[PDB]
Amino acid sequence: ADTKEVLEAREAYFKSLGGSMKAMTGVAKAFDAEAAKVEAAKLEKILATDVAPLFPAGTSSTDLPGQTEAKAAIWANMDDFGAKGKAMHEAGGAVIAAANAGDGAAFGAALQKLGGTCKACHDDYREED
């Protein structure tokens, strides 16, 4: 839809993820089954979001200089972008499951896998500066 809101929506999605990752990382440092489930409840909500309508063509850093970090490359690799998007949704399910199993070791392992997916996509599609 109107870029102004697509940007608005996608910024909220990532600030949300970023926050969750930061919180789960501290929890993994000092595992507590209860706080992991509260964090897992929040992450589950976030992943219900469809990122598909979030990257309509014409919203890259080259189209909206300084308003987004979305690399125009996304629009030449939408299939790979979707895959990295799906890969993330799956690692997160693993994290949620581990939290709910109360498995501090499983949860720590799943978190690494998840962080790996953030980096994989950012690596090819987000701009440093």
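The numbering used is simple: start at 1 and walk along the sequence shown.
Higher mean CA temperature factor, per the PDB entry, when comparing 64 to 72 with 87 to 95: 64 to 72. The mean Cα B-factor in the deposited entry runs higher for 50 to 58 than for the other of 77 to 85 and 50 to 58.
In the PDB entry, residue 33 places in the middle third of its chain by CA B-factor.
Among the modelled residues of its chain, residue 9 has a C-alpha B-factor that falls in the highest third, as given in the PDB entry.
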